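Peer 1: Here it is, the structure in full.
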Amino acid sequence: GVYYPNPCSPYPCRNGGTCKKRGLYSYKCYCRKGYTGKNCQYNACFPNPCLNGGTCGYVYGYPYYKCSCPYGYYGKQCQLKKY
């Protein structure tokens, strides 16, 4: 049979790392959404003092984590209550 060379390298991505070569320019390493950037090796939704019992969401502006305050509370770092 014909040997098909795979233009890729050892996985730098974790938590669902999948190497997909894109013959147009380069190979793209996919990983599970809701962890971190291209490698997804870590989880941005770690316990953050900006939560304070709130909601740990995700976002593209900040480093893949959004700290939302509890319903009835809102601060800058979610250290304040709603009146």
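Each chain in the structure tokens gets a letter, A, B and so on, in the order shown; residues start at 1 in every chain, and ligands are counted from 1 in the order they appear.
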What's around stretch 56-68 of chain A at 10 Å? Count only C-alpha atoms, leave out sequence neighbours fewer than 3 positions away in its own chain, and write the answer as a ChimeraX atom specification.
Peer 2: /A:33-37,43-53,71,73-78
Peer 1: Store the residues picked out above, limited to N, CA and C atoms, as a PDB file, in the first residue's frame.
Peer 2:
```pdb
ATOM      1  N   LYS A  33     -13.254  22.244  24.721  1.00  0.00           N
ATOM      2  CA  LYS A  33     -13.592  23.616  25.049  1.00  0.00           C
ATOM      3  C   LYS A  33     -14.038  23.726  26.499  1.00  0.00           C
ATOM      4  N   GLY A  34     -13.528  24.732  27.187  1.00  0.00           N
ATOM      5  CA  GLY A  34     -13.881  24.939  28.575  1.00  0.00           C
ATOM      6  C   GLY A  34     -12.728  24.641  29.509  1.00  0.00           C
ATOM      7  N   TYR A  35     -11.536  24.526  28.947  1.00  0.00           N
ATOM      8  CA  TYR A  35     -10.339  24.325  29.742  1.00  0.00           C
ATOM      9  C   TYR A  35      -9.408  25.526  29.624  1.00  0.00           C
ATOM     10  N   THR A  36      -8.665  25.588  28.532  1.00  0.00           N
ATOM     11  CA  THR A  36      -7.698  26.654  28.303  1.00  0.00           C
ATOM     12  C   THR A  36      -7.483  26.863  26.811  1.00  0.00           C
ATOM     13  N   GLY A  37      -6.443  27.620  26.476  1.00  0.00           N
ATOM     14  CA  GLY A  37      -6.079  27.870  25.092  1.00  0.00           C
ATOM     15  C   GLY A  37      -5.783  26.612  24.280  1.00  0.00           C
ATOM     16  N   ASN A  43      -7.310  24.020  33.437  1.00  0.00           N
ATOM     17  CA  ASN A  43      -8.699  24.454  33.479  1.00  0.00           C
ATOM     18  C   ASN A  43      -8.797  25.865  34.030  1.00  0.00           C
ATOM     19  N   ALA A  44      -9.284  26.774  33.198  1.00  0.00           N
ATOM     20  CA  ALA A  44      -9.440  28.166  33.579  1.00  0.00           C
ATOM     21  C   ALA A  44     -10.539  28.327  34.618  1.00  0.00           C
ATOM     22  N   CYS A  45     -11.446  27.364  34.661  1.00  0.00           N
ATOM     23  CA  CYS A  45     -12.533  27.386  35.623  1.00  0.00           C
ATOM     24  C   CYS A  45     -12.084  26.752  36.942  1.00  0.00           C
ATOM     25  N   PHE A  46     -10.923  27.183  37.417  1.00  0.00           N
ATOM     26  CA  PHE A  46     -10.429  26.795  38.728  1.00  0.00           C
ATOM     27  C   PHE A  46     -11.146  27.630  39.784  1.00  0.00           C
ATOM     28  N   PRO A  47     -11.110  27.231  41.071  1.00  0.00           N
ATOM     29  CA  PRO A  47     -11.704  28.047  42.125  1.00  0.00           C
ATOM     30  C   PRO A  47     -11.050  29.423  42.184  1.00  0.00           C
ATOM     31  N   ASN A  48     -11.856  30.436  41.935  1.00  0.00           N
ATOM     32  CA  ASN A  48     -11.385  31.806  41.848  1.00  0.00           C
ATOM     33  C   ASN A  48     -12.117  32.670  42.868  1.00  0.00           C
ATOM     34  N   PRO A  49     -11.392  33.497  43.644  1.00  0.00           N
ATOM     35  CA  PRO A  49     -11.998  34.382  44.650  1.00  0.00           C
ATOM     36  C   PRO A  49     -12.979  35.392  44.050  1.00  0.00           C
ATOM     37  N   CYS A  50     -13.019  35.468  42.724  1.00  0.00           N
ATOM     38  CA  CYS A  50     -13.962  36.335  42.022  1.00  0.00           C
ATOM     39  C   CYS A  50     -15.314  35.641  41.849  1.00  0.00           C
ATOM     40  N   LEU A  51     -15.437  34.436  42.386  1.00  0.00           N
ATOM     41  CA  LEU A  51     -16.693  33.706  42.329  1.00  0.00           C
ATOM     42  C   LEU A  51     -17.504  33.952  43.592  1.00  0.00           C
ATOM     43  N   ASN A  52     -16.954  33.522  44.721  1.00  0.00           N
ATOM     44  CA  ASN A  52     -17.590  33.698  46.027  1.00  0.00           C
ATOM     45  C   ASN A  52     -18.989  33.083  46.030  1.00  0.00           C
ATOM     46  N   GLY A  53     -19.075  31.849  45.554  1.00  0.00           N
ATOM     47  CA  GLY A  53     -20.346  31.152  45.517  1.00  0.00           C
ATOM     48  C   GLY A  53     -21.171  31.530  44.308  1.00  0.00           C
ATOM     49  N   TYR A  71     -26.693  35.253  42.508  1.00  0.00           N
ATOM     50  CA  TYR A  71     -27.899  36.026  42.283  1.00  0.00           C
ATOM     51  C   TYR A  71     -28.348  36.663  43.592  1.00  0.00           C
ATOM     52  N   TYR A  73     -26.029  39.150  44.703  1.00  0.00           N
ATOM     53  CA  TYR A  73     -24.739  39.727  45.049  1.00  0.00           C
ATOM     54  C   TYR A  73     -24.060  40.246  43.789  1.00  0.00           C
ATOM     55  N   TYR A  74     -23.226  41.269  43.926  1.00  0.00           N
ATOM     56  CA  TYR A  74     -22.368  41.697  42.827  1.00  0.00           C
ATOM     57  C   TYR A  74     -21.292  42.652  43.321  1.00  0.00           C
ATOM     58  N   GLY A  75     -20.052  42.277  43.074  1.00  0.00           N
ATOM     59  CA  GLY A  75     -18.928  43.145  43.335  1.00  0.00           C
ATOM     60  C   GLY A  75     -18.061  43.274  42.112  1.00  0.00           C
ATOM     61  N   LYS A  76     -16.840  43.735  42.305  1.00  0.00           N
ATOM     62  CA  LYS A  76     -15.838  43.665  41.257  1.00  0.00           C
ATOM     63  C   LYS A  76     -15.256  42.256  41.239  1.00  0.00           C
ATOM     64  N   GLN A  77     -14.963  41.756  42.432  1.00  0.00           N
ATOM     65  CA  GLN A  77     -14.470  40.399  42.613  1.00  0.00           C
ATOM     66  C   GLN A  77     -15.545  39.569  43.318  1.00  0.00           C
ATOM     67  N   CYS A  78     -16.788  40.029  43.182  1.00  0.00           N
ATOM     68  CA  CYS A  78     -17.948  39.375  43.787  1.00  0.00           C
ATOM     69  C   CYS A  78     -17.824  39.295  45.305  1.00  0.00           C
TER      70      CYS A  78
END
```
Peer 1: I'd like the neighbourhood of stretch 18-31 of chain A as a PyMOL selection string, where a residue qualifies if any of its atoms comes within 12 Å (using only C-alpha atoms), though same-chain residues fewer than 6 positions away should be ignored.
Peer 2: chain A and resi 5-12+37-43
Peer 1: Can you list, as an NGL selection string, every residue of chain A that DSSP puts in strand (DSSP E)?
Peer 2: :A and (18-22 or 26-30 or 55-57 or 66-68)
Peer 1: To one decimal place in Å, what is the distance between atom CA of residue A:17 and atom CA of residue A:4?
Peer 2: 21.1 Å
Peer 1: Would you pick out the contacts of residue A:72 at 10 Å or less, using only C-alpha atoms, so that residues sharing its chain but fewer than 4 positions from it are not included, and give the list as a list in words?
Peer 2: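 After dropping sequence-adjacent residues, the list is residues 54, 80, 81, 82 and 83 of chain A.
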